[PDB]
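>>> Pasting an experimental structure, sequence included:
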There are 4 protein chains.
Amino acid sequence: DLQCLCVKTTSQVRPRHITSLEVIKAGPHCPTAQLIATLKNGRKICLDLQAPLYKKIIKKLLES
Amino acid sequence: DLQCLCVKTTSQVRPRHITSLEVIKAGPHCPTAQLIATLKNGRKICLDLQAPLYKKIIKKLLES
Amino acid sequence: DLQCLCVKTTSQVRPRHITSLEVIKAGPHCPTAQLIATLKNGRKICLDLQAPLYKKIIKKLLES
Amino acid sequence: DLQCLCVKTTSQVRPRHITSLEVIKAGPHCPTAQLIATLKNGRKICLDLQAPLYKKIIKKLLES
C-alpha cells in the first residue's frame, strides 16, 4: 500500500534558492503529480501545482 | 507552520526496492527528521521514524 | 567532491515511460543544468538541456 | 547516466553541520554506495563508507 508524499504545499519560496526540482507522475500512491523542490540549504518542500510559480522556477534552472 | 513534507509516514516498504534514502535533519522547518525513501520505480515515500526500519533499510543500502 | 551525474545524452526517449524527471541547477557539482528521467524500468537516462523532449515530458508528467 | 557523484570523498566534517545525508546504493552508475552530505550552507561533501564517521553522523541526525 503506501501514500502521497505531497499534500502540504507552499508558495513562499525564493526561486533564487532551489537546487533541484523533481516532478513525479501521478499514479497508484497518489492521484496527482507531485512537484518536490529541494531548497538549497538541505530541506525540501512540495510546490503548488495550481500556483503560477513553477513556471518561473524551471526557466531559471534550465538557464545554464 | 509545518511543510514537513512527510506528514503521513509508513512502514509498508519492501526493503529491497529502495534505491536511495535521504535522512533530512529536523529544524525550524519541521520538528522532526524525515526518512524520505526513493524507490526503484521513481515513487518517493516518507518512512517512519525511530524504528529498526532505519537500520534495516540502511544496511541493505550500505552494500548492494 | 562530486562530478556531473550525466555522462552522455539521450535523444530517443518515449515521453510516457518516465516517472520522475529531476532538474538540477548548474553549480559546483557540474557547470551544466541536468535532466534525469527515471523510466518505468528503474533505468535513469539524462536528456539534452535544449531538447524538445522535456517540453512534452513536463506536461505529460503534470497532467493526470 | 553512468556517473558516480562522488569523485573524491571528504574525510572530516562536523556532525553538527550536515542537514540532509543521502545514502545511495549501488547499481549501474557507481558500483559503490555513496553517502552524500549537504552541509548547513549549501555545498555537498561525500562522506565515505568503511569508516568511523558515518555511523556517528546518522546518529546525530536521527535524534534531532
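That came through fine. Residues are numbered from 1 along each chain as shown, chains lettered A, B, ... in the order given.
>>> Could you list the contact residues of chain A toward chain B?
Contact residues (Cβ under 8 Å from any Cβ of the partner chain) of chain A with chain B: A:1-8, A:10, A:22, A:24-25, A:27-29, A:34, A:36, A:42-46. Every residue, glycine included, has its C-beta placed from N, CA and C.
>>> and with 10 Å instead?
Within chain A, the residues that sit near chain B (Cβ under 10 Å from any Cβ of the partner chain) are A:1-10, A:12, A:22, A:24-25, A:27-30, A:34, A:36-39, A:41-46.
>>> so of those, which ones are in strands?
A:9, A:10, A:22, A:24, A:34, A:36, A:37, A:38, A:44, A:45, A:46 (DSSP state E).
>>> burial count for the second one?
So that's residue A:10. For residue A:10, the neighbour count with other Cβ atoms under 10 Å in any protein chain shown is 15.
>>> what do you get for the fifth one?
Look at residue A:34: counted by other Cβ under 10 Å, it has 24 neighbours.
>>> Enumerate every residue touching residue A:50.
By Cβ atoms under 10 Å, 6 or more residues apart in numbering or on different chains, the contact list for residue A:50 reads A:9, A:11.
>>> Excluding chain neighbours, give the residue nearest to residue A:28 in space.
Excluding the flanking residues, the one nearest residue A:28 by Cβ to Cβ, 6 or more residues apart in numbering or on different chains is residue B:43, at 8.0 Å.
>>> Now do the same contact list for the residue lying closest to residue A:32 once chain neighbours are set aside.
Leaving aside its sequence neighbours, residue A:32 sits nearest to residue A:26 (Cβ to Cβ, 6+ apart; 4.8 Å). By Cβ under 10 Å, 6+ apart, the contact list for residue A:26 reads A:4, A:32, A:33, A:34, A:49, C:61, C:62, C:63, C:64.
>>> Show me what the residue nearest to the fifth one when sequence neighbours are not counted bridges to in the sheet.
It stands for residue A:49. Once flanking residues are discounted, residue A:49 sits nearest to residue A:35: 5.8 Å by Cβ to Cβ, 6+ apart. With DSSP bridges as the criterion, residue A:35 is bridged to residue A:23, residue A:47.
>>> wait, doesn't residue A:35 sit right on residue A:13?
No: checked against Cβ atoms under 10 Å, the pair residue A:35 and residue A:13 is beyond contact range at 11.0 Å.
>>> Name the residue in these two with the higher neighbour count.
Neighbours per residue (other Cβ under 10 Å) separate residue A:35 from residue A:13, with residue A:35 holding more: 24 against 18.
>>> where's that one relative to residue D:35, distance?
Residue A:35 sits 27 Å away from residue D:35, going by Cβ to Cβ, to the nearest Å.
>>> same thing with residue A:18?
Counting by Cβ to Cβ, the gap from residue A:18 to residue D:35 is 23 Å.
>>> what's the answer for residue A:47, then?
The gap separating residue A:47 from residue D:35 is 27 Å, by Cβ to Cβ.
>>> Likewise for residue A:8?
Residue A:8 is 28 Å from residue D:35, where distance means Cβ to Cβ.
>>> Need the three-state assignment for residue A:60.
At residue A:60, secondary structure determined by DSSP: H, G, I helix; E, B strand; the rest coil is helix.
>>> That one - how many residues pack around it?
13.
>>> OK, contacts around the nearest residue to it once chain neighbours are set aside?
Nearest residue to residue A:60, sequence neighbours excluded (Cβ to Cβ, 6+ apart): residue A:15, at 5.5 Å. Shown in contact with residue A:15 (Cβ under 10 Å, 6+ apart): A:21, A:37, A:53, A:54, A:55, A:56, A:57, A:58, A:59, A:60, A:61.
>>> Return the alpha-carbon coordinates of stretch A:29-44 using PDB.
Taking Å, rounded to 0.1, in the frame of the first residue of the first chain, the C-alpha atoms of stretch A:29-44 are listed here in PDB:
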ATOM      1  CA  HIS A  29       0.300   6.100  -4.500                       C
ATOM      2  CA  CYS A  30      -1.100   9.500  -5.300                       C
ATOM      3  CA  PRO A  31      -3.800  10.600  -7.700                       C
ATOM      4  CA  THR A  32      -1.800  13.700  -8.700                       C
ATOM      5  CA  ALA A  33       1.600  14.700  -9.900                       C
ATOM      6  CA  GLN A  34       3.800  15.900  -7.100                       C
ATOM      7  CA  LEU A  35       6.400  18.700  -7.500                       C
ATOM      8  CA  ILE A  36       9.100  18.200  -4.800                       C
ATOM      9  CA  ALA A  37      11.600  21.100  -4.600                       C
ATOM     10  CA  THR A  38      14.900  20.800  -2.700                       C
ATOM     11  CA  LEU A  39      15.800  24.200  -1.200                       C
ATOM     12  CA  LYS A  40      19.500  24.900  -1.400                       C
ATOM     13  CA  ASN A  41      20.200  24.600   2.300                       C
ATOM     14  CA  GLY A  42      19.100  21.000   2.500                       C
ATOM     15  CA  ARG A  43      15.500  20.900   3.200                       C
ATOM     16  CA  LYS A  44      12.700  20.000   0.700                       C
END
